[PDB]
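S.K.: Let me start by giving you these chains from the complex, positioned as in the assembled structure:
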Amino acid sequence: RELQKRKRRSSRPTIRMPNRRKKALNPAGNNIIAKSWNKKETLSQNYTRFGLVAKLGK
Amino acid sequence: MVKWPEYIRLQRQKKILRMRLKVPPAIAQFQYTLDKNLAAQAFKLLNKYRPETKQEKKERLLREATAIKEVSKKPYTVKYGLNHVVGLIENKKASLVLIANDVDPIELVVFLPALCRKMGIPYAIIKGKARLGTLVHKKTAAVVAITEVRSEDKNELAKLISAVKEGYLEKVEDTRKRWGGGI
Amino acid sequence: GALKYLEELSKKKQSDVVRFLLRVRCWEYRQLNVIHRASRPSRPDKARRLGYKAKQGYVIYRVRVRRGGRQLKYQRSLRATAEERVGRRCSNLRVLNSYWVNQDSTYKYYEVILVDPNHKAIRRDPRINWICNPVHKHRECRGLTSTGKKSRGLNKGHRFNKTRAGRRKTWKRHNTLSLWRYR
Amino acid sequence: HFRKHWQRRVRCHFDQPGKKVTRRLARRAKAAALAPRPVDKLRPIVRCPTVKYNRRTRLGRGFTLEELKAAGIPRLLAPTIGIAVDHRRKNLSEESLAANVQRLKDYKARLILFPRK
Amino acid sequence: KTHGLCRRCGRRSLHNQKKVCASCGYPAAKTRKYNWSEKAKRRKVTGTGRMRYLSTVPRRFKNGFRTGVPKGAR
Amino acid sequence: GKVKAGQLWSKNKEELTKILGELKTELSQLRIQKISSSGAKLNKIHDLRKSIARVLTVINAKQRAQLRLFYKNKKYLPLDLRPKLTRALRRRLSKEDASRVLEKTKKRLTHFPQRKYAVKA
């Protein structure tokens, strides 16, 4: 709190953290799944196109 | 008068206490150690069966590897290592056992005279855990066992074994079950 | 298999040879410091089954702790106090485990096993290099050792319902009023 | 039941829509790594313990060793092809055994396996 | 005078007879801080001073704590 | 007045230490006669100070690079030349130590690794 007021008055620039993730969301590579995975459809929608099962539970 | 250092005094008081208290007859039997002649004759045979050092083991490996670039029997050495020797005792694979008298957790060797007695293997309590380690190329060795010797000296091993069951284990017989110290 | 014979000996510690050895060692430890370094464990079978190894990086430290009441009773065990004093003494090491080694009319004596996380013999061994991680800093202060897990009641069953997942975490969960959006 | 300080220990759930997005992104993040594989491992069909729920049937934790050997799946291969394995559970009846070695036989029919290198 | 200058916190809170600071406790290794005064905590907390080294840590983390020089630099 | 750092990097060690002495003796002589009519002399002082910093930077960077060439085979770098990172990053396990695994574990991964499969609809 008292730290955040110092940075508002200081001439030092704010360090904008890029939006990074530990785990990538979309498959990549030259294999069959990566070359036919649509970026905008869900996991269930993509596996429906492939003909594969995503969840083995009920 | 003069003042003695702390660890100096404690060394002497432990020596007095271990020899003058009412010592149970498994530690008191360690006070009886074999004669100077028998120890010397034991190490005459055992030095002939010294394990190879790291320098000469590497030399032999370089000899056999060289001949492959360009036939033996089982090695008979002196067996050491407490966990190894106790197993050799329990499988009756040992012929003579030597036990150091100064193992400072003495629990590592208290059962060892009686275990050799139960299976029939002749044993002898010897002066020096340092002396046995010298024989086997370490700083220390709590126990040393011989299992099998070469054919050139089966007779002097059987003579040494008979000199233990006559010169050492006969005198120990009625004095290994008695409490030590007193006063 | 010498260590099987030692395990049966520690079972019979009222017996003649073990009462004698515990008496002569408790006398020796009273002249020594409150916390002092032991070159080798007094019970090598117990240390090894608790995790001790004869490697550079493993040390053994012996500590005497006052015994009696704090009728206020200290919920901290004497063993946990033994761990906490040594870890303060060796701020660079990690307390692995501890065990009973002796006792007297005034004091109780414990030996603690410590591991150097900066020694690279320790750092290279996958069986012990978990302790180099900084989540294992001062395990004896957070109750993460064997004494601590006993006194925290981290055991399975209906008997340990209040303490098996953390006692204070259980209390905070049960005392939380949980309001959803569609109530 | 407000005798203690319930003001200091009240928890709302305004992250309920936001946690669902994270959970669905974690399932998408997991499926990016295991791209042709299913997200979840195969689990056995087991009977609920008590007298109240004896007639119902649910998914268990893992397949028994006798179920795996009867189906023809080796034990050390099953965790590497998506089959969960439970060493604690026992079969104790032929009905529990036959239902699960049918399930594993049905898994193998629908399974396509790719060679190592 | 009851109190004199304290080397650690810079206030005139060092008792002359006892030589212990009333604000930070200078001979003690730890800085005096109590949870019943949240106002006193926020008066000496991190961020109320220069932040001379800790301000440099966020930028170096963003680059992965890299060391070296850019390619083709003089 | 001002000396560009591009000329600074090309020169050798004895040329640097002579020029640094020439800037320092000039700087001292200015402030003696800058106390009266501190006009363009004050602007010269600002340019003299910046040129001193640029010279001192090239000498230090050359000396540090010569040290890092000397210690390229030795394993005990001086503390000033070691990387900073953080405190906790310097006590983390090495990349090869944390990747080290037991022989039993490597045997199971060699012969039973994770396979690549799919389940049809």
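M.R.: Okay, I see it. Residues are numbered from 1 along each chain as shown, chains lettered A, B, ... in the order given.
S.K.: from here on, contacts and neighbour counts on C-alpha atoms
M.R.: Noted.
S.K.: can you give me the helices in chain C?
M.R.: Along chain C, counting by DSSP state H, helices occupy C:2-11, C:16-31, C:44-49, C:78-89, C:120-123, C:146-151, C:167-174.
S.K.: Tell me the helices and strands packed up against the first one.
M.R.: When contacts are defined as 3 or more C-alpha pairs under 8 Å, 6 or more residues apart in numbering or on different chains; DSSP states H and E, helix C:2-11 packs onto helix B:82-90, helix C:44-49.
S.K.: Other residues contacting it?
M.R.: If you take C-alpha atoms under 8 Å, 6 or more residues apart in numbering or on different chains as the criterion, helix C:2-11 is touched by B:82, B:83, B:86, B:107, B:108, B:111, C:18, C:45, C:46.
S.K.: could you dump those to JSON lines with neighbour count and distance to residue B:176?
M.R.: Shown next, in JSON lines, are the contacts of helix C:2-11 (neighbours: other C-alpha atoms under 10 Å in any protein chain shown; distance: C-alpha to C-alpha, whole Å):
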{"residue": "B:82", "neighbour count": "21", "distance to residue B:176": "22"}
{"residue": "B:83", "neighbour count": "14", "distance to residue B:176": "24"}
{"residue": "B:86", "neighbour count": "23", "distance to residue B:176": "21"}
{"residue": "B:107", "neighbour count": "23", "distance to residue B:176": "17"}
{"residue": "B:108", "neighbour count": "20", "distance to residue B:176": "18"}
{"residue": "B:111", "neighbour count": "17", "distance to residue B:176": "13"}
{"residue": "C:18", "neighbour count": "17", "distance to residue B:176": "18"}
{"residue": "C:45", "neighbour count": "18", "distance to residue B:176": "26"}
{"residue": "C:46", "neighbour count": "19", "distance to residue B:176": "29"}
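S.K.: mind giving me CSV with these and columns for distance to residue D:96?
M.R.: Output for these, formatted as CSV (distance: C-alpha to C-alpha, whole Å):
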residue, distance to residue D:96
B:82, 52
B:83, 48
B:86, 50
B:107, 54
B:108, 53
B:111, 54
C:18, 55
C:45, 46
C:46, 45
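S.K.: okay, those residues in CSV with distance to chain A next?
M.R.: Listed next are those as CSV, based on distance: C-alpha to the nearest C-alpha, whole Å:
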residue, distance to chain A
B:82, 53
B:83, 50
B:86, 55
B:107, 56
B:108, 54
B:111, 60
C:18, 59
C:45, 46
C:46, 44
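S.K.: Pull the number of nearby residues for the residue in chain B that chain E sits nearest to.
M.R.: Residue nearest to chain E within chain B: residue B:6 (34.2 Å; C-alpha to the nearest C-alpha). Here the number of neighbours of residue B:6 (other C-alpha atoms under 10 Å in any protein chain shown) works out to 10.
S.K.: Also put chain G in, sequence below:
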Amino acid sequence: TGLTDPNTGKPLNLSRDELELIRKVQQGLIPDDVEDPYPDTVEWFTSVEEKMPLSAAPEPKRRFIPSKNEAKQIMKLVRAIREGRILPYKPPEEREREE
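M.R.: Chain G goes in next, on the same frame as the chains above:
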């Protein structure tokens, strides 16, 4: 108060501090009066000599054949000699024609 050693030794001479240190630990280590606190050991178990080895486990074949580990170490030196990193073996006679 010199008292002779019970094992037929010699009339001892230790100092009064040495005698007090003996009496201190003996008080902590004494069962009782009346019954014999220090009896002799009756070898009720080691009197019967065991005639057969304790373990009935089989002996592995590696105790009857040359060493596996020594063989693997030999071949590591062979690769060193093949790649020239390690000089081959020189007999002591060749060492006599050396330094």
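S.K.: What about residue 21? Give its phi and psi, please.
M.R.: Let's take chain A. phi -130, psi 150 (degrees, to the nearest 10).
S.K.: Chain E was what I was after
M.R.: Residue torsions, per degrees, to the nearest 10, at residue E:21 are phi -70, psi 140.
S.K.: Just give the nearest non-adjacent residue to it, would you?
M.R.: Spatial nearest neighbour of residue E:21, excluding adjacent residues (C-alpha to C-alpha, 6 or more residues apart in numbering or on different chains): residue E:14 at 4.0 Å.
S.K.: Who does the one you found form a beta bridge with?
M.R.: In this entry, residue E:14 is beta-bridged to residue E:4, residue E:21, by DSSP bridges.
S.K.: tell me the contacts of the residue nearest to residue C:177 when sequence neighbours are not counted?
M.R.: The shortest distance from residue C:177 to any non-neighbouring residue, by C-alpha to C-alpha, 6+ apart, is to residue D:10 (4.7 Å). By C-alpha under 8 Å, 6+ apart, the contact list for residue D:10 reads C:176, C:177, C:178, C:179.
S.K.: nearest spatial neighbour of the third one, skipping sequence neighbours?
M.R.: What that stands for is residue C:178. residue D:11 (5.1 Å).
S.K.: doesn't residue C:175 make contact with the one you found?
M.R.: No. If you go by C-alpha atoms under 8 Å, residue D:11 and residue C:175 don't touch, sitting 10.6 Å apart.
S.K.: ok, these two, which is more surrounded?
M.R.: Between residue D:11 and residue C:175, counted using other C-alpha under 10 Å, the more crowded position is residue C:175 (16 against 13).
S.K.: quick one: that one from chain D, how far?
M.R.: Distance check for residue C:175 against chain D: by C-alpha to the nearest C-alpha, to the nearest Å, it reads 7 Å.
S.K.: Now that residue. Nearest residue, chain neighbours left out?
M.R.: Nearest to residue C:175 is residue D:9, by C-alpha to C-alpha, 6+ apart, at 7.0 Å.
S.K.: And residue B:89, by the same measure?
M.R.: residue B:116 (6.7 Å).
S.K.: show me what contacts the one you found?
M.R.: By C-alpha under 8 Å, 6+ apart, the neighbours of residue B:116 are B:89, B:97, B:122, B:123.
S.K.: tell me which element it falls in.
M.R.: If you go by DSSP states H and E, residue B:116 is part of helix B:111-119.
S.K.: Format the CA atom coordinates belonging to that helix as PDB.
M.R.: Taking Å, rounded to 0.1, in the frame of the first residue of the first chain, the C-alpha atoms of helix B:111-119 are listed here in PDB:
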ATOM      1  CA  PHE B 111      27.400 -61.500  20.200                       C
ATOM      2  CA  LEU B 112      30.300 -62.400  17.900                       C
ATOM      3  CA  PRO B 113      32.300 -64.700  20.200                       C
ATOM      4  CA  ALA B 114      29.100 -66.500  21.100                       C
ATOM      5  CA  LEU B 115      27.900 -66.700  17.600                       C
ATOM      6  CA  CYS B 116      31.100 -68.300  16.500                       C
ATOM      7  CA  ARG B 117      30.800 -70.700  19.400                       C
ATOM      8  CA  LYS B 118      27.300 -71.700  18.400                       C
ATOM      9  CA  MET B 119      28.200 -72.600  14.900                       C
END
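S.K.: can you add RNA strand H next? sequence is:
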RNA sequence: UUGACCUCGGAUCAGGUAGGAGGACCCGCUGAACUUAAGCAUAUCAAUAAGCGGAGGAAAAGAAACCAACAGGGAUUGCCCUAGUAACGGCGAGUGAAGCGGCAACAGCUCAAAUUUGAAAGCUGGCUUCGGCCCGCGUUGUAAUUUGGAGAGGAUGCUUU
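M.R.: Now RNA strand H, sitting on the chains shown earlier:
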């Protein structure tokens, strides 16, 4: 006389490490009163606040000396329900779970207990022409093999790098 071994010390010897900060959340220790019961002491407050010690990006817990009485379940953790139920109660104040069930997420392992004994096969440092040489640790046990819904050793034949 010499040389070990053990034990205890010295060294501005070489290589390391700890302290302090922060402490919203986390793990331990220690621990109070008012209030309520229209008075008050058991109780409540509260295993809370204050005080002390110790960590991380999460921590803690964790692969049953478990739950169950079933046609059985099967490491740990969290949500809903169980449920203001069982239980304990100046049976007043009140306090107050857990198993089952639906979900979220899923992952299993390392030692000690063995004789490598036909070969301490293991490891820290130093010097290094970076290739491989010495010292030391260590047999009072460092590698490999094994960890009880297992395993070892033989034998036999397929399958894996």
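S.K.: Repeat for the contacts of helix C:2-11, accounting for RNA strand H.
M.R.: Contacts for helix C:2-11 (C-alpha under 8 Å, 6+ apart): B:82, B:83, B:86, B:107, B:108, B:111, C:18, C:45, C:46.
S.K.: Grab the nearest non-local neighbour of the residue most central in space within chain A.
M.R.: Centroid-nearest residue in chain A, with C-alpha atoms, centre = their mean: residue A:25, separated by 4.2 Å. Here the nearest residue to residue A:25 in space, its sequence neighbours aside, is residue D:29; by C-alpha to C-alpha, 6+ apart that works out to 4.3 Å.
S.K.: Which stretches in chain D count as helices?
M.R.: Under DSSP H, chain D gives helices at D:16-33, D:65-71, D:94-109.
S.K.: hang on, the earlier thing: quick check: the residue nearest to residue A:25 touching residue A:24?
M.R.: Yes. Look at residue D:29 against residue A:24 with C-alpha under 8 Å: they come within range, at 5.8 Å.
S.K.: Just want to know which of the two has more residues nearby.
M.R.: residue D:29 (21 against 16).
S.K.: Could you pull up the contacting residues of that one?
M.R.: Counted by C-alpha under 8 Å, 6+ apart, residue D:29 has contacts A:23, A:24, A:25, A:26.
S.K.: With respect to residue B:71, which of those residues is nearest?
M.R.: residue A:23 (60.9 Å; C-alpha to C-alpha).
S.K.: distance of the closest one from residue D:33?
M.R.: 9 Å (C-alpha to C-alpha, to the nearest Å).
S.K.: Please apply the same query to residue G:79.
M.R.: From residue G:79 to residue D:33 the distance is 41 Å (C-alpha to C-alpha).
S.K.: same question, residue G:75
M.R.: In terms of C-alpha to C-alpha, residue G:75 sits 42 Å off from residue D:33.
S.K.: neighbours around residue D:93, how many?
M.R.: 8.
S.K.: In chain E, which residue sits closest to chain G?
M.R.: Closest point on chain E to chain G, by C-alpha to the nearest C-alpha, is residue E:68, at 35.6 Å.
S.K.: thinking again about what came up before, give me the distance from the helix holding residue B:116 to the chain's centre.
M.R.: Distance, stretch centre to chain centre, for helix B:111-119: 13 Å (C-alpha atoms, centre = their mean, to the nearest Å).
S.K.: after that helix, next one along is what?
M.R.: Downstream of helix B:111-119 (by DSSP H and E), the next one is strand B:123-126.
S.K.: Packing partners of the helix or strand following that next one?
M.R.: Next helix or strand after strand B:123-126 toward the C-terminus (DSSP H and E): helix B:129-135. With contacts defined as 3+ C-alpha pairs under 8 Å, 6+ apart, helix B:129-135 has these neighbours: strand B:143-146.
S.K.: Do the strand it packs on and chain C come into contact?
M.R.: No. Contact between strand B:143-146 and chain C is absent, the nearest approach being 11.3 Å (criterion: C-alpha under 8 Å from any C-alpha of the partner chain).
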